[PDB]
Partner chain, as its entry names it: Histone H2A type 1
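Take a look at this single chain, the form solved without the partner chain, given in structure tokens.
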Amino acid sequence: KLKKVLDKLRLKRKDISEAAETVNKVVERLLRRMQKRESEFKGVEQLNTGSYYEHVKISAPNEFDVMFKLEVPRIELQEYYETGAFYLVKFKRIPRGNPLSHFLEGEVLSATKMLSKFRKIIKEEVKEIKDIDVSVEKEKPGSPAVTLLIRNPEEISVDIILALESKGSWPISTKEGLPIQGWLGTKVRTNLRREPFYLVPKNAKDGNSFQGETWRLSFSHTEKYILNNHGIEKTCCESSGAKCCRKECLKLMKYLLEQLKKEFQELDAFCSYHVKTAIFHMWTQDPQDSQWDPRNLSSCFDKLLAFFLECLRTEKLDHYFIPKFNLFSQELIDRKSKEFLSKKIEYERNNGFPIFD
């Protein structure tokens, strides 16, 4: 039953080939345009991230995430109030003349200024693309992405995300996050935390507006690693090991949410990241591969559901990397919204998920 649903969600290789060919062409051309001189972004390097590259994209290969990461040496972070996730960015000394100087607000590196120039460069390069139907989506306030819309003729969206790369130790708000010590282990956790961390230009929302200069942490690289390396046993899902159902559970939950969001606009505040965060917590709670045997799929999905419902009820979903940051706080999502989603999930749960059709 869930097996038949998984069959429907599975991407098709011909669809993948057609989409990847086009997306790869467009991204490679923008990355190159960025390498151009003058460009304040000259040293940017590409990191593919998100559902498609984690192999948990469902239904159709029509959404691609790509981080353009820029190593910016020696920056100081100032936590924006007590959020743990959002920061003001300053440069330590003064780099004689360096080209991020235009994006400065005196001493602070404005996320909005830098993203605006990045978007402008992308829009200009896109207008010069003639062999492919592609346009830039209208700017979305408080979004770090420049979103491309490709018609292949199928509709494909590509989010291009500027990221600042910093090689220093991770901000202390993350010190008790990534609780993978009983699952993936201490050597993995330590090695993951020696990797760079990233800032993307998503502005903090304080009230009815955004704080234009704030940046937000991103662990898209770390999450991608975990999805590809998700077993307590090193051979989990390898050719000489045993298949588990962890990723299939994630797909089913993404599907349930997406089907619900598509017909109820009361759910606009939710997104796949909430589901991804929930299952990260589930994998920490139930680390044994034996707990995610494919024969147990139904019970794993149900336990994920029970857990997600408890998060909604209690208005608490801790960010997996930043435990202080509650994704389900009143400030971010209204009570009413969480109770609406609770009633809809419970109904689908007790009626055999009719919405899976």
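Numbering follows the first chain given and starts at 1.
What follows is about the form deposited with the partner chain bound, which we do not show.
Peer 1: So which of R74, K123, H102, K243 reaches within 4.5 angstroms of the partner chain in the bound PDB entry, heavy atom to heavy atom?
Peer 2: Here the answer is residue option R74.
Peer 1: Go through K138, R96, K130, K234 and name the one with a heavy atom inside 4.5 Å of the partner chain in the bound PDB entry.
Peer 2: Looking at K138, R96, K130, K234 one by one, just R96 meets the 4.5 Å heavy-atom criterion.
Peer 1: Heavy atoms within 4.5 Å of the partner chain in the bound PDB entry: which of the stretches 267-275, 206-214, 88-96, 248-256 has them?
Peer 2: Among the listed stretches, the partner-contacting one is 88-96.
Peer 1: So, in the bound PDB entry, is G185 in contact with the partner chain at a 4.5 angstroms heavy atom limit?
Peer 2: So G185 does not count as contacting the partner chain.
Peer 1: Spell out, yes or no, whether the shortest heavy atom distance between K262 and the partner chain in the bound PDB entry is within 4.5 Å.
Peer 2: Although the partner chain is absent here, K262 would stay clear of it in the bound PDB entry, with no heavy atoms inside 4.5 Å.
Peer 1: Does any part of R151 reach within 4.5 Å of the partner chain in the bound PDB entry? Heavy atoms only, please.
Peer 2: Taking the distances in the bound PDB entry, the answer for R151 is no, it never comes within 4.5 Å of the partner chain.
Peer 1: Quick check on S169: any heavy atom within 4.5 Å of the partner chain in the bound PDB entry?
Peer 2: Yes, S169 is a contact residue.
Peer 1: Heavy atom within 4.5 Å of the partner chain in the bound PDB entry: which residues of 287-307 qualify?
Peer 2: If the 4.5 Å heavy-atom criterion is applied to the partner chain in the bound PDB entry, 287-307 yields nothing.
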